[PDB]
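# Following this: a sequence and the matching experimental structure.
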Amino acid sequence: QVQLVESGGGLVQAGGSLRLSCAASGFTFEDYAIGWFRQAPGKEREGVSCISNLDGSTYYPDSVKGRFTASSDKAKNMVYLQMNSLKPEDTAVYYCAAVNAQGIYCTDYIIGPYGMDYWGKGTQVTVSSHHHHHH
């Protein structure tokens, strides 16, 4: 059985950082590309990062490029998404997904209309101008 488990979500002050992790199991990690996606209520799901465990290629849309960085640790079958300089509009459920990486390299198409093979259940990220009001 395949599982993708996201963790690292939370509620953070605007300008702050989070690090999401995607724990993968049940498939040959190095043969796949892992994408991070997000969906906020009222919007369509969108790709925020791609990393290929096969060729090391990465892709980020302009909305997050420079702020978010994906990395892969094959010893743990984990992919991370370091998110810096978070903005309120980055609030969303974040999902990780996997797709066979043979014959592809990371682009907007891979994390867009191409489709993924496996999906995680998602982790909530909330970015607040007044985080102190919630804890």
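Happy to help now that I have it. Residues are numbered from 1 along each chain as shown.

# Give the bridge partners for the residue nearest the centre of the chain, please.
Closest residue to the average C-alpha location of the chain: residue 36 at 2.4 Å, with CA atoms, centre = their mean. Going by DSSP bridges, residue 36 is paired in beta bridges with residue 49, residue 96.

# check contacts around it.
20, 22, 47-49, 68, 70, 79, 81, 94-97 (CB atoms under 8 Å, 6 or more residues apart in numbering). Yep, even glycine has a C-beta here, placed from its N, CA and C like the rest.

# farthest-separated two in those?
By the measure CB to CB, 68 and 97 form the most distant pair in those, at 15.7 Å.

# Touching, residue 9 and residue 120? I think so.
No. The criterion here is CB atoms under 8 Å, and residue 9 misses it with residue 120 at 11.5 Å.

# Settle it for me: which of these two has more neighbours?
residue 120 (21 against 17; other CB atoms under 10 Å).

# how many neighbours does the closest residue in space to that one that isn't next to it in sequence have?
For residue 120, ignoring the flanking residues on the chain, the nearest one in space by CB to CB, 6 or more residues apart in numbering is residue 4 at 3.7 Å. Applying other CB under 10 Å, we find 23 residues neighbouring residue 4.

# any idea which helix or strand carries residue 4?
In this assignment (DSSP states H and E), residue 4 forms part of strand 3-7.

# same for that strand, what does it pack against?
Applying 3 or more CB pairs under 8 Å, 6 or more residues apart in numbering; DSSP states H and E, one finds that strand 3-7 contacts strand 18-25, strand 92-100.

# Please state the offset of it from the chain centre?
Strand 3-7 has its C-alpha centroid displaced from the chain centroid by 11 Å (CA atoms, centre = their mean, to the nearest Å).

# Direction included, what does that strand pair up with?
When DSSP bridges is applied, strand 3-7 pairs with strand 18-25 (antiparallel).
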